[PDB]
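First come two forms of one protein chain, each written alone as structure tokens, so that there is a structure 1 and a structure 2.
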Structure 1
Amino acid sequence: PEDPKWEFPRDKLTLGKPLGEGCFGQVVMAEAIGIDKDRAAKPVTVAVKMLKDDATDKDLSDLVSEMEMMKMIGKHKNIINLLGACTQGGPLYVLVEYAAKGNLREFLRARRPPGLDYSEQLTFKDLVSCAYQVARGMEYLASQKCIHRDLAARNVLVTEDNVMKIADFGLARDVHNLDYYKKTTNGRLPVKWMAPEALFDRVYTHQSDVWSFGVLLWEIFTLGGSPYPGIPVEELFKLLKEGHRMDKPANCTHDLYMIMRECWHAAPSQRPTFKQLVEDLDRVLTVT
């Protein structure tokens, strides 16, 4: 179906360097002339998401659904914003703000301290800021009655300005009706970030995102450490069922570990909301 307000003209888009690929599509850098509705003759660098080379009918419907998930949500500073879409006469191209500095996982990894033997930095305060930014975006997201379901450092992107922008509405779900989502189906899932109720019982909520945010905290304060490294899905299950929790990172203050562990209550309803997480991180950002 047509949507003239988002429609963007093919002849104004030059596809550029590939960036990598997600689940439903691949991403390239691109030049889009006058994307900056305003002024106007100037080419803006954007990201373009399009079908992969081996794409199924489902990938197409998922990519459209992801596009829609974005049109719904609305604009927020801490969310990757939709910019437009070539949907007519040629492949689907979805046009989206470019984050120059890549995803957060590699961002953090890239600025680990090298050796003294090997070859700005980042402060503790920088790390809490990232946590906060993501908390704010998830807060906005939740209030738009939508669930992320894929929240992880690799799914936050960083602008030239070091602004965190949540991305990958691949598994994102409009929840306006019920205020939760139930899977009942089978597919490929980000298991090491997933709350027990979501993993074992297929129930998703803003509260299962909160558990995941927990894991993103761990990722931030380890500077892109991998949760449960090498441990196979067989064994994650085992560890969760026993109520294992990840250890406190060296760089983590006690305060922040409490926020972390709080996100990992067994009972969903005992976890803070994103609203509270914003509050808690604001405070901690404040005392630093």
Structure 2
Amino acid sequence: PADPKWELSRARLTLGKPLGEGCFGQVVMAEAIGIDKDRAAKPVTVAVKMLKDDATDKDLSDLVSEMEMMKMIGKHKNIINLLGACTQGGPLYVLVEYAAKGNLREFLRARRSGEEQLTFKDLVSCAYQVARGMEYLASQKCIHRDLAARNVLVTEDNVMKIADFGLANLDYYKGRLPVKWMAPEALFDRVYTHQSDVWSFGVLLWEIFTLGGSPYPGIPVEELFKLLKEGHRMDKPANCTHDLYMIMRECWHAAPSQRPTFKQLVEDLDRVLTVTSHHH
């Protein structure tokens, strides 16, 4: 189906090197000229998603549905945005924003030391940006279902971009279930809400302030649910302020209705940024 407003000429795309394997599908980096049609030949580095060589008809419909979902959700500075597609005269290419610094977990773990060592204010800024992206997704009735630092990408300009949204019988056996990021009611029922996303955001906050730590260190998966239901929660990360830990703890309220909304989390993290600039 034709959609000129999103179509890019193949002649203006130069496909480049692949970007890793098996987590966001078959992705390659590319140079695209004239994405914005009012900017003449302005060059832009992009990430391209395409089908595998042995792809089935269902795989094509899946990628087309993912593309249509990106068109419907709309644009926001803190999500991986759709820039356009090559749908005519060749294989399907879905162009999205390129994030040079990789996923947030690896970005954090590489900046624990060295000249590019992240400051406390940089970590608060990262959390604020992810909350803004999630506030946007929730406003568009989109539940992420897998919010975690591994699913946030970082641009050359350190902009946080939520990725792995859009795409999203369990009782029969045929990426494992992300149990350590799941709200107790999500673990229990295997149902997701914006409120279970807020719990996941709390775990992501803990990932940010531990600079990529692994949640619930030392807890066997068979003990996790009982402990969370009894009120067990992760301890405050070292160097983390009491206020930020209270935000994490409110994200992890046992009652989904008592957790903050993403709109409230944006406000709370904006407050923490202000108070951080005063205690230094």
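The term rigid core refers to the most C-alpha atoms you can superpose between the two forms while keeping them within 1.5 Å. All residue numbers here refer to structure 1's sequence, counted from 1.
> Which residue, 79, 85, 99, 73, is displaced 2 Å or more at the Cα between the two structures after superposing the core?
Replying inline: Comparing the C-alpha positions, the one residue that moves 2 Å or more is 85.
>> If the two forms are fitted on the core, does residue 246 show a Cα displacement reaching 2 angstroms between the two structures?
In response: No.
> When you overlay the rigid core, is the Cα of residue 24 off by 2 Å or more between the two structures?
Replying inline: Shift at residue 24: 2 Å or more after core fit.
>> Does residue 257 move appreciably between the two structures, meaning a CA displacement of 2 Å or more on the superposed rigid core?
In response: No, because once the rigid core is superposed, the C-alpha of residue 257 moves less than 2 Å between the two structures.
> What is the magnitude, in angstrom, of the C-alpha shift at residue 228 between the two structures when the rigid core serves as the superposition reference?
Replying inline: With the rigid core fitted, the alpha carbon of residue 228 is displaced 2.4 Å between the two structures.
> Where the core is superposed, what shift in Å does the CA of residue 54 undergo between the two structures?
Replying inline: Rounded to one decimal, the shift is 8.0 Å.
> Where the rigid core has been superposed, how far does the Cα of residue 33 end up moving between the two structures, given in Å?
Replying inline: Once the two forms are fitted on their core, the shift reads 4.2 Å.
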